[PDB]
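Right, I'll just put the structure down here and ask away after.
Letters A, B, C, D, E, F, G, H, I, J and K mark the chains in the order given here, with residues in each chain numbered from 1 onward.
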Amino acid sequence: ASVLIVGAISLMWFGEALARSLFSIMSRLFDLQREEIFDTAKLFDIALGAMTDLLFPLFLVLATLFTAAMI
Amino acid sequence: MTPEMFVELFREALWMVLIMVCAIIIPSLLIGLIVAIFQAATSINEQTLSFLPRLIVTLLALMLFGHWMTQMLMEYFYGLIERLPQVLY
Amino acid sequence: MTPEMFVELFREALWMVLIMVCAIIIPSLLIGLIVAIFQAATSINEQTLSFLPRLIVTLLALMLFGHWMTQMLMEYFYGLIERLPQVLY
Amino acid sequence: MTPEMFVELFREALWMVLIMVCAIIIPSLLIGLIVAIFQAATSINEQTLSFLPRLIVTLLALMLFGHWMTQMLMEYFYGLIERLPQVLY
Amino acid sequence: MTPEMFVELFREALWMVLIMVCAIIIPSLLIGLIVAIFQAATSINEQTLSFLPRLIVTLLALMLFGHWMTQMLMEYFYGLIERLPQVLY
Amino acid sequence: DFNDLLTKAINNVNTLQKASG
Amino acid sequence: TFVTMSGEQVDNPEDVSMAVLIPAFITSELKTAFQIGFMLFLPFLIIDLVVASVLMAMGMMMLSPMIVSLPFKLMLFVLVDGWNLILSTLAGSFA
Amino acid sequence: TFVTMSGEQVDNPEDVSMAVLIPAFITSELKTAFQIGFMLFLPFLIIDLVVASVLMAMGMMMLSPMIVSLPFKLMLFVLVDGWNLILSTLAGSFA
Amino acid sequence: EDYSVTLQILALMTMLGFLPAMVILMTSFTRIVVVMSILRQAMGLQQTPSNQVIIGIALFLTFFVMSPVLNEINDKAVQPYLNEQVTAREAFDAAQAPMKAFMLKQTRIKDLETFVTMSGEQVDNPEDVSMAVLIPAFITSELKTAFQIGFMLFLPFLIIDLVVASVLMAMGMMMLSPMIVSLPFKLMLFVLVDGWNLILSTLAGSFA
Amino acid sequence: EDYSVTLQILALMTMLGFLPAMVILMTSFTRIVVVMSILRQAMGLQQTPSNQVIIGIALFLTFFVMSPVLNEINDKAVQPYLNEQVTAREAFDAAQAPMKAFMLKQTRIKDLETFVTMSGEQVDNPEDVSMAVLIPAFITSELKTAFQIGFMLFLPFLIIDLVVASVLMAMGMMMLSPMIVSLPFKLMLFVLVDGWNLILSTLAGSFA
Amino acid sequence: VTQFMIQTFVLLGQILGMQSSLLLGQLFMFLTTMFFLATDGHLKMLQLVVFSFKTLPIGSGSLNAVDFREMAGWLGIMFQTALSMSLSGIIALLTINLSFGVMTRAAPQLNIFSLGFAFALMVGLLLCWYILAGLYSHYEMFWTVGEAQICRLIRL
């Protein structure tokens, strides 16, 4: 019961930043140039970049879930 | 083709999928035991704390073995093309 | 056809899948039971832990019985073909 | 078509499927309950441990009830054909 | 006529199907909770156990509410037919 | 070659129409 | 609408020319037919929603509700004597 | 069935009228076709059931067995040489 | 030498019969539909946008991006032909060239090499290759390009779905399907960023 | 005594009437179409490439791979016929010979064996068999060959699907559907391997 | 343009149905067709096309490139309008399902699975009853947006 509450509490502040993280990923992956589309390597680099930029905010929220779970 | 060619092809994919999945789930499995013995030491019966360490290590495995896995499958796609004339011979 | 002939065909088809499915799952069933006993012995309960051994063993079972499953299926298809003239009359 | 006859055909159809489905599921439901009881007694939490036994008894049930289910389906079709003059006078 | 009257018709129709689906489902929902709480009390963890009991009451509910649901669909059709003058006027 | 087969056929029809007109 | 589109000045409805009355007649009859027809559609849509939700209640998400609803759709039309009910109202609808 | 329906007095089957044989012949062909089709349906059905249960054993109840089963369905028809076996049986079914 | 009026009419009606082929094999229709097919598939909706509006939007998008080439055909070919400045044979060639130039701008060198060797012909300049060989190379490049764009469009929706699933699992509720919860979030993030306008910019401008 | 001009025209107009049958039975069209169909179903996309584009690609491919036999017909049966060098009956035989030879190179001896026995004709050499027997044997061989190639291309996509499902099941998110997440990787692998150019090249090289 | 509006309501029906753990587009499609007929939408379209003859003559005049881009941008109009109509209901669907999940998460023996299927669909049908209660106002605003686009095409 406590774990789900703190997650909702975390979504109050961390969720807004997570919403910003999702906003940036969609905006970048939608706005592509002619040079970026025709290069396979550049697509994978942005795929890794969007992947890693997601991890940091997601890890913080899940850590906020883990820390309250032990306590 | 021949029944033996199918088994050769079937095993190679089965060996490939086994290697592809094992590299990622091995680190998560070990971390699960490490969290399990930690919860055995403190006698805490919570079962949701272990999700985060497995998820973090799983992404770490994907980042470390991402190039190797993609290259292995890409070369596997080329390998079937190379052996395609042999089957159609 | 006579209803008794239909049940015969139905039974041997269900027997075919039962033999095939058990030869593949029984190795996974025993491994899952072994891991569960080991977890109980060390007083841990991790649901996701007993997945890597089952997946690998099942893949090994598929590779080992590749020729056996193909031989069983090919002979069963021939058996129905050769049993067809008996029915149509 | 009177509404009373429509409900009678609806009920007899639902009664037939209920008899057939219950006769098949019950052997799997009993085995699944037995394995679940066994797991609780020995305090293990494997999930898919109670899948293969359910499949085996379900397939075995279909083999044993093949004659019974076939006859009832044939009887039901014959009954509706014979009941046709009553439906439309 | 006016679009609002069409909304009232469509809300009325959706209201009826809510009554139809509630009469059928609620008997199955109650049995699902009864078995689930019983398993929780007895520490039984068979997830697929509570399927046939829900199916049995669902089929029984259809047979029990056969007359009422008929009377209701037919009268709804007559209600719309007698409401056609609204459209013509 | 085979591609020129269609071109030759159309030209003959055009020539026949041109002479007829 | 049509007298405005035709650009002719007529003070009363009963003096409109036939050139503009014919398109106005079929346009109105199309609206009437669509409104009458889709109301007949509603009881058959009710059956579809009921059976589909019931099938989804048991987890049978792969069974197509349309084949299951088809026998009951026909029964609803024959129980209400549909082939006589629609024609009687259609005949009485005109004036 | 059709002799009693046609109301004619027939002593032996080998002298029935053409108008009473064509509906009977096509009726038997359709029934015989279904029996042969059921024979061929079983081996592919067994593969589908086998792969569906194996996937369910490993706990993945969301992966569709149809996608996984398709390569094996094709292979079974290949190494058995289906397009020669099926056609030869169909041609041989009239002898 | 020039085709007679009767023969020119026959050619005109023939191209009208093949008009659906020219849209889906020579213009940008194939890339737009494939990309829009991925967008519908990426979101939880299966047939919700429906096939009719996707083709209709694709047709209007093609007329937008083909407007420069269509106007170039109009000026160079149609106008001299209407004014009887040039014959029908050269007017047809003057209309074919802008289509060939546009297909070259959307193809790859590797694709052309494969088909020119496949046709078993001799050529040294890509600018004067037969349109019969350019068409298969054009669509092959279009399909590969569309898959690239679709893959990039699929990533953000995969990102959202994986985050929601991880959050639900981390909260302990291993019983709820992530799809139902994730669908509004995918739709909300598709709207507040004005996703379709961004897709228009990266699709219409992708040709240039 | 070659066929009169009126009968020669009547024969040629009949062949144009059966042109769809000749393409779909006597040519390479069927194998390419089936392999493309298996590949499309192998991925998560149901009908994203669309049926008209698939047939459009196959029509160009089947024209290129059969250009050698098409030229051989022209150089041995059409040009001598137009130059008044061969009897119309001889020219028809000269056109049929390369077509029969091509179909024999892509047929299986088992297919010939069953159809020759089915026709009940006493022929030994596998070169003087009738077109009535050769065509069903050829189309049967093309279907079987297409299935083998279709299975070959299906395996890598099956590997991705199993890996994604296994990884998701490892994290305990059994409720998450593997198909939605698997699809972008299927597009990913097919595009960095240059699939479209690769498959059409292999299909072109297959007929030999 | 007319197809865009109706299919957007079909989009509204299916998003509610998909969120309702579930043909519901047809229910909205039929009702929206009634809205089109009842509001004399067909008459307005006929008035629009005859007005197009005046302000957009047959001889000189055709749709430009900007008209194609504006018409191609209506897919974003669909999702934004469909989400706007369903945002209140979709939040209600999520919060009750999340509330049901957290409230029954105490005992992992119950779970939801098919039991959750029944609960979700009953509430989803009930929410669609709320959606039909206030759908007419959304249609009126949607028609104004669509009609303005049509006049822009005919340059009125």
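By our rule, a residue touches a chain if its C-beta (ideal position, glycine included) is under 8 Å from a C-beta of that chain, and two chains touch if they have at least 3 such contacts.
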item: Contact-graph distance - origin chain G, target chain I; value: 2
item: Duplicate of the C-H contact set - from B-H, E-G or D-G, the pair where over half of the pairs recur; value: E-G
item: Remotest chain, chain B as reference, centres from CA atoms; value: F
item: Chain pair with the higher count of C-beta pairs in contact (C-H, A-B); value: C-H
item: Interchain centroid distance [CA atoms averaged], chain C/chain I, Å; value: 47
item: Distance between chain centroids, defined by C-alpha means - chain I, chain J (Å); value: 27
item: Between chain B and chain F, centroid-to-centroid distance (C-alpha), Å; value: 66
item: Touching two or more other chains - residue numbers and ranges from chain K; value: 21, 27, 30, 34, 102, 105, 108, 111, 113-114, 118, 121, 125
item: Sites on chain E at which at least two other chains make contact; value: 10, 14, 17, 21, 25, 28, 39, 43-45, 47, 51, 54-55, 70, 74
item: Junction residues of chain I, two or more chains touched; value: 148, 151, 155, 166, 169-176, 190, 195
item: Residue ranges of chain K in contact with chain A within the complex; value: 102, 105-106
item: Complex interface listing, chain H residues touching chain J; value: 58-64, 67-68, 70-71, 74-75, 77-78, 81-84, 87-88, 91
item: For the chain F and chain J complex, residues of the former touching the latter; value: 1-2, 5
item: Sites on chain A touched by chain K in the complex; value: 1, 4
item: Contact footprint of chain C on chain J as seen in their complex; value: 166, 169-172
